[PDB]
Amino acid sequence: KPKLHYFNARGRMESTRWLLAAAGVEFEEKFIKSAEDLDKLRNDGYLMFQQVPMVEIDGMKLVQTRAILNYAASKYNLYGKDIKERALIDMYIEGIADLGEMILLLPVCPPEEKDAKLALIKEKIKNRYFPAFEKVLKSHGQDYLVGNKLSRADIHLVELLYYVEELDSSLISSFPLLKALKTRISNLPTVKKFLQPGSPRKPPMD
């Protein structure tokens, strides 16, 4: 079992909890509860850049969310079939990451910037991100973003739709194919289960 080292919170580890659950992959978590939990992982050499997230998997101690995710997507066959399909997947998910990063940092936003930032994010959701993904779905007519087969792109996007719903639930209203993807993916057995009470899935930061 992969072992996820992090605080008991979403943060930078939640996207990995979603990917591993969507792939049927069981895992353990070990939560950092104090400064001395963290200082101990550092002192043991566990953290190449002194930071978590860190995941122990197949003999490695991987840090950096993108390295963790890339490894797991490839290992569990969620990274498409060849380098061209990786490339679409990578392009789609890096856009998802950029939008995610905005939302994820919004609560540490200086209070005097908050109004402006919220408007800018919703304007990007409506005019930049959601149109791009609706287009992809519409261009090929298929249930999945890439190669007609579940990949990390579907997972990461649907994860983000849930965060956008929490932020403002009207934002997705004009994008039926996104809504439809959300529904379809949220009904896969592994994701439906992760979405039910009792899973490793974490609440919003308060």
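Numbers follow the displayed sequence, beginning with 1.
K.L.:
On mean Cα temperature factor in this entry, is 187 to 195 or 13 to 21 the higher one?
P.N.:
Per the PDB record, 187 to 195.
K.L.:
Going by the mean C-alpha B-factor recorded in the entry, which is higher: 156 to 164 or 47 to 55?
P.N.:
Result of the comparison: 47 to 55.
K.L.:
In terms of CA temperature factor as recorded, identify the highest of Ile68, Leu150, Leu178, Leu41.
P.N.:
Most elevated C-alpha B-factor of the set, per the entry: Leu41.
K.L.:
Per the entry, which of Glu94, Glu123, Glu134, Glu101 tops the list for Cα B factor?
P.N.:
When the deposited C-alpha B-factors of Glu94, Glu123, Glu134, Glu101 are compared, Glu123 is largest.
K.L.:
Would you check the entry's CA temperature factor for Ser170 and let me know if it's in the chain's lowest, middle or highest third?
P.N.:
Middle third - that is where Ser170 ends up once the chain's C-alpha B-factors are sorted.
K.L.:
Grab the CA temperature factor for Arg86 from the record and place it in the lowest, middle or highest third of its chain.
P.N.:
CA B-factor rank for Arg86: lowest third.
K.L.:
Would you check the entry's CA temperature factor for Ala119 and let me know if it's in the chain's lowest, middle or highest third?
P.N.:
CA B-factor rank for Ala119: highest third.
K.L.:
Within this chain's modelled residues, let me know which third the CA B factor of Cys109 belongs to: lowest, middle or highest.
P.N.:
Ranked within chain, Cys109 CA B lands in the highest tercile.
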